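Engineer: If you scroll down you'll find the structure; I have some questions about it.
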Amino acid sequence: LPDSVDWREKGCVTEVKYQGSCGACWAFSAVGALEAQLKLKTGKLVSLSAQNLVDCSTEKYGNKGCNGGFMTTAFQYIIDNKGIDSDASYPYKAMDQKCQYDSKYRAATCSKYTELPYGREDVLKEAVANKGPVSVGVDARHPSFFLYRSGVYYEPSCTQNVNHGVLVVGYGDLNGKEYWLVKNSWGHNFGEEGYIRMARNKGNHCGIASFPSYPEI
Ligand SMILES: OCCOc1ccccc1-c1ccc(F)c(F)c1F
C-alpha cells in the first residue's frame, strides 16, 4: 500500500461542513464517504444532503436525527430509498424536519456498504488506499479534542468507546508520528481547516478503527 494517502489531492472530498448544535455527525460522515464514491464513479464532486439523512433515515434505521445515528444504517437508507438528494437541493438546517426527499434532486445512489473488522488499522489502511474515504467513529469526548490545532492528536485518556462520526480521508506520517487524516463536521474553525490528524497504529487510538464502513455506488 502507499505510505500515505490524501483523498483531497484526488478531488474526492467536499468542503468541510458545520453541523452546529445538531448531533448530525453520523449524517456528515456518511455523505462524505458517498461523495467520494460519487466522484470516483462519475467524475463529479458534489456535496450530498446530510439533512436528507437526518430527516429521512430515522426510526426505521435506528437513527435519531439531531440526537445521533449510524453511518451504516444511513447507507442502508440510501440503498432502500434508491437515492439521496444533493446538499444544494436539500440544504442543512441543523434541526429535525419532515422528510422532504425528492428523486428529482437525487445526486447519488448506494448499492451496498461494507463494515470493516473491529480495530484492524491495517485493514482500514487498505480500504482508505484502495476504496476511498471511510466513515468511522471516534472518541471525541476529551477536552483536548476540541482544542486540537496541529500535529498528530494523541490523548492518553482516549478510549475505544466512540461517540462521534467522522471521515477518514487519508493517512500518513508527520515528523515520525503516523496519523489518520480525519475530516470533521465542526466547520473550518476546528483543527486544521476542519481536519484533525489522529494517531495511527497506536492501539486503535480513540477507537478510530472500531467501526469503519464505506459505501459503494
Ligand atoms: O454529532 C455527532 C454526535 O453523534 C451522536 C449523538 C448522540 C448519540 C450518538 C451519537 C453518535 C455516536 C457515535 C457515532 F459514531 C456517531 F456517528 C454518532 F452520531
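The numbering of chain A matches Swiss-Prot: 115-331, in order.
Using N, Cα and C of the backbone, Cβ positions are placed for all residues, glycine too.
According to Swiss-Prot, the protein carries these features:
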- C139: active site (ACT_SITE)
- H278: active site (ACT_SITE)
- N298: active site (ACT_SITE)
- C126-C224: disulfide bond (DISULFID)
- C136-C180: disulfide bond (DISULFID)
- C170-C213: disulfide bond (DISULFID)
- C272-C320: disulfide bond (DISULFID)
Engineer: Rank aside, I only need the closest one: which of the recorded positions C213, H278, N298, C320 has its C-alpha nearest to that of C224 (disulfide bond)?
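Structural biologist: Checked the recorded positions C213, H278, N298, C320; minimum Cα distance to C224 (disulfide bond) goes to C213.
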Engineer: Within 10 Å of each Cβ, count the other Cβ atoms and name the one among the recorded positions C126, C139, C170, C180, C320 with the highest count.
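Structural biologist: Compared across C126, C139, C170, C180, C320, the most Cβ atoms within 10 Å surround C320.
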Engineer: Could you tell me the C-alpha distance between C139 (active site) and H278 (active site) in angstrom, no decimals?
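Structural biologist: A Cα-Cα distance of 6 Å.
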Engineer: What is the number of other Cβ atoms found within 10 Å of the Cβ of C272 (disulfide bond)?
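Structural biologist: There are 24 such Cβ atoms around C272 (disulfide bond).
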Engineer: Provide, as an integer number of angstrom, the distance between the C-alpha atoms of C180 (disulfide bond) and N298 (active site).
Structural biologist: 16
Engineer: Which of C136, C213, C224 has the fewest nearby Cβ atoms, counting only those within 10 Å, among these disulfide-bonded residues?
Structural biologist: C213
Engineer: For ligand 1, list the recorded positions among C126, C136, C139, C170, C213 whose CB atom is within a distance below 6 Å of it, in sequence order.
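Structural biologist: Close enough to ligand 1 are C139.
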Engineer: By CA-CA distance, flag whichever of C126, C136, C213, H278, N298 among the recorded positions is nearest to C320 (disulfide bond).
Structural biologist: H278
Engineer: Would you mind ranking the active-site residues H278, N298 by how many other Cβ atoms sit within 10 Å of each Cβ and giving me the lowest?
Structural biologist: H278
